[PDB]
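First up is the structure itself, then whatever we jot down about it.
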Amino acid sequence: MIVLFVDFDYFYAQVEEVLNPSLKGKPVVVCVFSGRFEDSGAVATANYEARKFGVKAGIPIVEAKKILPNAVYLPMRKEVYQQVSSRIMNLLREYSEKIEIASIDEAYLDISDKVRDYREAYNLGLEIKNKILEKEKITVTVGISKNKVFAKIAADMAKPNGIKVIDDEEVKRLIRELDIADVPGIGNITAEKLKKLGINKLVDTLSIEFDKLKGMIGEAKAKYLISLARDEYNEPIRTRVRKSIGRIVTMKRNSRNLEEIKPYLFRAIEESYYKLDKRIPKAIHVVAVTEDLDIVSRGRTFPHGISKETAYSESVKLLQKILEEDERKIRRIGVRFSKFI
DNA sequence: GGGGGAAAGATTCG
DNA sequence: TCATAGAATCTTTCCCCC
Ligand SMILES: Nc1ncnc2c1ncn2[C@H]1C[C@H](O)[C@@H](COP(=O)(O)NP(=O)(O)OP(=O)(O)O)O1
Ligand SMILES: [Mg+2]
Ligand SMILES: [Mg+2]
């Protein structure tokens with residue numbers, strides 16, 4: 001194939017800079033405030049100035065402030081970012097309609113029916129960066145290679161404001177040379193199970209017995225790694241359809257009182273139903289984060305769609321089934337709907 | 001022995 | 001008073017027949 005991957009640079013932070021140009025040059029932090037105390041919550045993203053000091057996505061806002069006290073801290077306005085990303089995705093459906101929209105800021109493009117070779121895709125890539133830089137002022141990074149995986153890897157190396165091709169010879173080079181931890185889908189838990197087997201490159205997966213690999217990282221992740229090591233990984237760019245819709249909130253204090261948790265859970269239901277929008281779920285799950293940050297959940301499928309009033313009652317049952325079967329207090333409560341009609 | 005579905009959890013952050 | 005959020009994909013155990 002010819003796959004073209006685009007991922008927007010420090011996206012939420014950069015949108016705030018587009019909307020408020022006097023931020024360019026200072027470190028910007030976009031935050032998901034939780035409401036337990038002043039500055040509780042986590043960082044959604046920071047721009048590249050703030051990353052130099054270790055302020056990146058996922059870390060506590062308090063930790064970010066101990067490092068960069070006088071950085072600008074903005075609250076996460078996701079609805080604004082979704083609107084700008086939709087407009088950039090509509091720009092991308094003009095360069096192929098085989099398009100995989102994989103996050104709020106990523107898309108894979110099957111440009112096999114649209115250019116010839118890699119120098120023909122590298123130039124379409126600059127066409128897309130320029131068209132995006134002018135229509136919406138956002139810089140992006142482009143990866144191009146023979147499949148979706150090495151496309152993403154390509155952009156990960158080219159970041160920020162970059163565009164990199166990985167051709168077939170470097171794909172072979174990287175199957176030998178790239179640390180396997182840098183393959184998409186390989187987190188820290190997978191990455192150390194692989195080192196405890198002496199696997200550090202993709203090619204080492206061809207040298208180990210399969211069932212030993214399958215027993216340690218699972219059948220699916222083993223076949224995924226081996227097919228990448230054989231240069232056999234070929235997977236279609238396909239249109240993804242949302243299979244879950246939910247909402248989860250943080251309670252102002254840890255609790256296990258049914259009457260006290262209920263408002264939090266009902267607002268999560270009301271919000272999910274708005275987002276559901278004509279879609280009808282047959283399946284519902286209640287999700288709780290305990291005071292020690294474990295994640296517990298109880299669900300139930302139905303033979304028919306779930307009305308909002310049902311959802312309301314079913315969740316209180318599922319939520320009690322949690323306070324029953326578990327001992328710890330609850331920190332965050334949420335609901336998730338699936339199995340649409 | 002499967003198929004197929006469900007439930008609850010684990011991993012990744014695609 | 002560290003530790004958001006939403007979604008996908010997968011593993012394991014269970015179940016219900018046949
Ligand atoms: N842990 C998180 N929590 C909340 N939102 C997050 C998040 N991680 C990412 N986002 C939201 C906000 C992120 O901006 C947006 C895009 O995520 P990426 O493309 O993974 N990171 P970005 O574009 O910021 O930087 P780069 O230039 O390194 O891609 O998704
Ligand atoms: Mg990005
Ligand atoms: Mg992204």
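The chains referred to below are lettered A, B, ... by the order of the sequence lines, with proteins before strands, and numbering in each begins at 1.
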Using a distance-only test with no angle check, is there a side-chain donor-acceptor pair under 3.5 angstrom linking A/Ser227 and A/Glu232?
no
Does A/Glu219 reach a base, just sugar-phosphate, or nothing at all? Heavy atoms under 4.0 Å.
sugar-phosphate
Measuring from atom CD of A/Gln82 to atom CG of A/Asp105, what distance do you get when rounded to the nearest 0.5 angstrom?
11.0 Å
Whole angstroms only, please: what is the NZ-P distance between A/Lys221 and C/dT9?
12 Å
With a 4.0 Å cut-off on heavy atoms, is A/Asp294 in touch with a base, just the backbone sugar-phosphate, or nothing at all?
sugar-phosphate
Using whole Å, what does the distance between atom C1' of nucleotide B/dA8 and atom NZ of A/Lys321 come to?
11 Å
Could you provide the dot-bracket string of DNA chain C, using ( ) for intrastrand pairs, [ ] for crossing pairs and | for bases paired to another strand, with Watson-Crick or G-U pairs below 3.5 Å?
.....|||||||||||.|
Please confirm whether the shortest side-chain N or O distance from A/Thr301 to OP1 or OP2 of B/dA7 is below 4.0 Å.
yes
Do A/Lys148 and A/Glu100 sit within salt-bridge range, that is, some charged N less than 4.0 Å from a carboxylate O?
yes
Write down the distance between CZ (A/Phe150) and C1' (B/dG14), rounded to a whole number of angstrom.
14 Å
What nucleic acid atoms does A/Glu100 come within less than 4.0 Å of, heavy atoms only: base, sugar-phosphate, or nothing?
nothing
Does A/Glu325 pair with A/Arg298 as a salt bridge, N-O distance under 4.0 Å?
yes
A/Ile217 CD1 to C/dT12 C1', straight-line distance once rounded to whole Å:
17 Å
Protein-nucleic acid N or O pairs under 3.5 Å, nucleotides 3-7 of chain C:
| from | atom 1 | to | atom 2 | distance (Å) |
| --- | --- | --- | --- | --- |
| C/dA3 | OP1 | A/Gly41 | N | 2.9 |
| C/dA3 | OP2 | A/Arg331 | NH2 | 2.8 |
| C/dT4 | OP1 | A/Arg331 | NH2 | 3.4 |
| C/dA5 | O5' | A/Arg332 | NH2 | 3.2 |
| C/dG6 | OP1 | A/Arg247 | NH1 | 3.3 |
| C/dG6 | OP2 | A/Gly246 | O | 3.3 |
| C/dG6 | OP2 | A/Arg247 | N | 3.4 |
| C/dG6 | OP2 | A/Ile248 | N | 2.9 |
| C/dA7 | OP2 | A/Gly246 | N | 2.8 |
| C/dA7 | OP2 | A/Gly246 | O | 3.3 |
| C/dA7 | OP2 | A/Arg336 | NH1 | 2.5 |
| C/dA7 | OP2 | A/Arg336 | NH2 | 2.6 |
| C/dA7 | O5' | A/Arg336 | NH2 | 2.2 |
| C/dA7 | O3' | A/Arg242 | NH1 | 3.1 |

Any A/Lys339 side-chain N or O less than 4.0 Å from OP1/OP2 of B/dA6
yes
Between A/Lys78 and A/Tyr12, is NZ or CZ placed under 6.0 angstrom from the six-membered ring centre and within 45° of the ring axis?
no
Identify whether the distance between the nearest side-chain nitrogen and carboxylate oxygen of A/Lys146 and A/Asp231 falls below 4.0 Å.
yes
In this structure, how many angstroms lie between the P atom of C/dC2 and the CZ atom of A/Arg253, rounded?
16 Å
Considering only the P atoms, how many Å lie between C/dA5 and B/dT12, rounded to the nearest integer?
22 Å
A/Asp326 atom CG is separated from B/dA7 atom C1', nearest whole Å, by 16 Å
Centroid-to-centroid, A/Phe150 to A/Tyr233, below 6.0 Å?
no
So, A/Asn90 versus A/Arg87: side-chain donor-acceptor pair below 3.5 Å or not?
no
Under 4.0 Å, heavy atoms only, any strand: does A/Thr190 hit a base, just the sugar-phosphate, or nothing?
sugar-phosphate
Tell me: CG of A/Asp182 to P of B/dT12, nearest whole Å?
13 Å
Check ion pair A/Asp292-A/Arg331 (N to O, under 4.0 angstrom)
no
Quick test of your reading of the model: are A/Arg253 and A/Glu260 salt-bridged, counting only N-O distances below 4.0 Å?
yes
Whole angstrom is fine here: how far is it from CD1 in A/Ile186 over to P in B/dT12?
7 Å
